[PDB]
Structure formats: structure tokens, C-alpha cells
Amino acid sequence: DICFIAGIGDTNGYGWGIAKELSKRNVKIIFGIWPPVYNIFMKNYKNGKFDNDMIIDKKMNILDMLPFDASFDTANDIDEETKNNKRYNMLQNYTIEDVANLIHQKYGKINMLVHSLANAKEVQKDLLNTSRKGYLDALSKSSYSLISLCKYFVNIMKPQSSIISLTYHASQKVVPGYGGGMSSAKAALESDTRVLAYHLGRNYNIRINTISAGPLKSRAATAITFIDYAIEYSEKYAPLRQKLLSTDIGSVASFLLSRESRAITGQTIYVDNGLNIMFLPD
């Protein structure tokens, strides 16, 4: 049982929580990490900074930790500026195709893929005031990255393997302040999940679903006090008033990835203490 988690920059995200729970079930974990934060993540790991967090009387497995940039499909896609940037030029094989081939050489076929990354340069702006170039950015890094991720991993994956991504309810209902086309990319990503589920199903016997998670105070969540407010609101209005942990998403992700969800494919599962069901406060 091998899982590649694409998109973990630290310990405060959904990627980490997913990692943790996949370990409880003894699956081997390969982190794919964005180069802007790669050196410093590695450093912290070495300094045993994440050592508290790797606690489960269990200890986390971490098979490998690779540089990974979901905006590049192949090496030909890497622009020269990036190729030479201070933070990339010492690193290698970080395109989507490249990490796919890496992994396969080092470990062969794997059977679990977590897409856990999103990005938009104009997330701060709202839809109307987002540029074409900013919108297409959001969709390229949040939505298309999934598709591409699939294209390349699908054949280093065994039959009956399963894939998941992460989404947010703002695709289905309006959350003012979730901007830059981020809603649009979650909308796109939830649709692609259905279409990919059809293709990967018939053709590769491979499942794909997506988890619509609640608010977590991740690094990326602070890409705009919205989130503190979102957590506040969720903890007062959701059917379940417990605090939403990333491990909560993690245990569901783990389930989706296991053979136990063998007959669930193409779905948007909500893991959010049921907030999505409410129309009216009280």
C-alpha cells in the first residue's frame, strides 16, 4: 500500500492529517512538495521539528519526500525563469511526469493518490474583479493539476487503486470572499471528478472521489480573518459542534482510499460536521 500525497507544505494542512491517518493503517507515504517551501520543510523535518506531530503509540511512516510542482506536466513545460530561479535550479524531476517516473523506478506501482493542493494569485480579489490570467491560474493549479496528475499516475497505478482530491462548498453555494476563481476551480474540480470517475472506472478499474472539507486554519486558508470567522461560524451553526480536525478529513480520506469504499466513485463527500445541510441559522 503506497500513497503519493501531492501538496503538503507543513503540518497544519489536510495533507498532513491525511498522511497521519494513512499511517494508522500502515500505508507507505510519499510527500510531493512545492519547491518554494521544500528546503525549509526538509530542514524542519531534520531538526525533528515535526517530531511531535508524527505522533499517532504509533509513529508516522514517510517513505520519501520529493520536490513537486503541479503547474508543470513535463520538463518541456518548465519555463526558463523558473528553471533558473534561486529556489528551483538545485532541484530535479519535479514536473508531474517526472515524479511519476521517479516513484515508479524507486518503488514500482502504487495504489493511492491524494491531490491536496490549490492556488490562485488573485484569491484576494472577488470574481468580477479577477483577471483572465488570474482565473486561468486558479483553474490551472487547482483543477487541471488533478486531471494531469491522473493522466501520468494512472499507469503507475495498479487496478482497484483509488484517488481523492479536496474541495470546498463554495462551488455549490456562495461564500463571498473565496475569490480569484477559487470557487470556479472547485466547481470545475467537482465536475472533472465525475468525468474522470467514468473514464478511470471503465478503463482502469480505478476510483476517484473528492472530499468537501470544512474550515481548517491551514497556511493556504490565510491567503485572505476569513477562516477564523469561518471556523467561528462553523462551530456555532454546524449540526456537530466539535472542533473540525484535519485528522477528521484524514480518516475519511483513508476510507475512500481503502477497498471499503470499493463501490463509491465520482462523489463529493462532505466532511464538515454537516454544515452544508443548513439553510437558515437560528
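Here the rigid core means the biggest group of C-alpha atoms that line up within 1.5 Å when the two forms are laid on top of each other. Quick note: we count residues from 1 along the sequence shown, nothing fancier.
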query	finding
Which of 82-90 and 69-77 lies farther from this form in 6 other deposited structures of this protein, as RMS of C-alpha positions after a rigid core fit	82-90
Residue 43 preceded by how many uncoordinated deposited residues after residue 42	none
Continuity check for residue 224 and residue 225, given as deposited residues lacking coordinates between them	10 or more
Given 116-124 and 174-182, the range whose Cα B-factors average higher in the PDB entry	116-124
Of 6-14 and 256-264, the one with larger mean CA B-factor	6-14
From 169, 87, 202, 141, residue of greatest CA B-factor	87
Highest recorded Cα temperature factor - choice among 131, 105, 74, 148	105
Relative C-alpha B-factor of residue 161, binned into the chain's lowest, middle or highest third	middle
Third assignment of residue 192 from its chain's C-alpha B-factors	lowest
Residue 280 CA temperature factor, ranked by third within the chain	highest
CA B-factor placement of residue 96, once the chain's modelled residues are sorted into thirds	middle
Third of chain Cα B-factors occupied by residue 154	highest
